[PDB]
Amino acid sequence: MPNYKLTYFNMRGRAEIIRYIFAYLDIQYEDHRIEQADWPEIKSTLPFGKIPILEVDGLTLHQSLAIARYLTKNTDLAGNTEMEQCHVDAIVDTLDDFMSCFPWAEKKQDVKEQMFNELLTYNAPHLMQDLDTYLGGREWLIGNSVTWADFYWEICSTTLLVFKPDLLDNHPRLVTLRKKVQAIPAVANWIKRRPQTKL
């Protein structure tokens, strides 16, 4: 049985998808959260110098979504058919591409607010509208059961709602989908028990 150690900041951020997957599959792991001060010494040891990382039986994996896909392989979270797995991958990359546009590391707090604002004002509504149309009246984003794409939607939309509360005022179906993710017992339990962080 694999020993798992997840390393990231004390933050939902890019690690959260992995956290939801372990919760859902009832897989025990070490949720190793590092204070900023412990980062330079860890970073120096990593091939690509980024987190999150996941150690599996003492072997290091990197890239949040690569890890997420590895953990869901051969499970019901992956997608039920090969083409469905493709749609799961595609939705995840669409969300990630958008989340990746935000200047998270930008030090000038004034340059940062100008950019976050432009993305949320002009770009975000187009995405939400595309996601809404894409979902239509279906139960989940892909197929007839929950996938890690639904989890990723709930996670990304939570972050976006921190900056733009009215993001989904015109998309009750997308709100419902968040609530469906949030009501899954293993996910709800995680949401109840996790550390409260802005991001």
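C-alpha atoms forming the largest set that superposes within 1.5 Å between two forms make up the rigid core. Sequential numbering from 1, following the sequence displayed.
Farther on average from this form in 7 other deposited structures of this protein lies stretch 40-48, the comparison being between 40-48 and 137-145 by RMS Cα distance after core superposition.
Stretches 32-40 and 127-135 differ in mean C-alpha B factor, with the higher average recorded for 32-40. Of the two segments examined, 116-124 and 93-101, it is 116-124 that shows the higher average Cα temperature factor in the deposited entry. In the PDB entry, the Cα temperature factor peaks, among 60, 158, 64, 144, at 144. Listed residues 151, 163, 70, 140 were ranked by CA B-factor as deposited; 163 comes out on top. Annotation for residue 81: C-alpha temperature factor in the highest third relative to the rest of the modelled chain, per the entry.
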